[PDB]
């Protein structure tokens, strides 16, 4: 058992949630504690903080360079290690802390691979690197890549009092990923798509095992995209027609659940109730079902960033959050929620009011 999960994602990429200010220890800290206070005032009991937004570290590592989002320049030492502060301030307020990693990302759109610092693992191991479109990734199919990611996670589990380790929804960036050489070396001739899915499964499985061998009671969870497979691809799938995690991304969430490769799962149900392509009410039911008779905790990823902007087709989730969570609580298999993202709680008094009424 446990109390209802009420988490907020605190994203560090492009300084989305924290920190707003660069090159200012005192202000970064105050911005974090101000943010935590806001989240705690509405019932948030867990902070899920992106400590590796981009093959980098918001912490002192012997493996991964300092994150550019602290100072503007990757590899630049900010003069303090943020992570202990971020954990200890969360714990002081009675909140759990999950460290959030992006495993395969190296660059964002259109950045140069030659502007990485010399000790960057992708600089030191160029054979690990795959270009897809306007971005570069670590190859999920290389054993050495998976070891490096396991070792990167293990360092944090060893050195810090985290409660959880968390991956979000980025696995493979598309079907056309140029892993031919790696497939030839390790794929045993298997169907390439299944091979890719199992590369992802293998990473999750090695990470869980590494976590447990250091700290048995630290949890491991993943927030994949809200659709695994549509009914049209697999009749046991969901009555939906959106994008499927099973094939773009090769995030085979069912298999993760069936084999207990994770302690919790957080499908991103970032759509309104009654939306034809991805109806929230249908997906909560489907996912409640997926975890029946397992020990995997299900949390719903809540898309409160959608507040009626034309960018998202006028979809307004924030407006119906009370309805969404009230529906969640009708399923005993659902053990709480994760809100994308913390800035939306911070910046909107109506969201605050609505969360307070759910969590008082």
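Numbering follows the first chain given and starts at 1.
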For the C-alpha atoms alone, is the average B factor greater in 141-149 or in 120-128, going by the entry? 120-128
Report the stretch with the higher mean CA temperature factor, choosing between 228-236 and 214-222 on the basis of the entry. 228-236
If I read the C-alpha B-factors straight from the PDB entry, which of 274, 189, 267, 82 is highest? 274
Highest recorded Cα temperature factor - choice among 64, 324, 45, 309: 309
Can you tell me whether residue 58 has a C-alpha B-factor in the lowest, middle or highest third compared with the other modelled residues of the same chain? middle
Could you look up the Cα B-factor of residue 287 in the entry and say which third of the chain it sits in: lowest, middle or highest? lowest
Please place residue 165 in the lowest, middle or highest third of its chain by C-alpha B factor as given in the entry. lowest
Please place residue 50 in the lowest, middle or highest third of its chain according to the CA B-factor in the PDB entry. lowest
Consider only the C-alpha atoms of the modelled residues in this chain, order them by B-factor as the entry records it, and name the third containing residue 174: lowest, middle or highest. middle
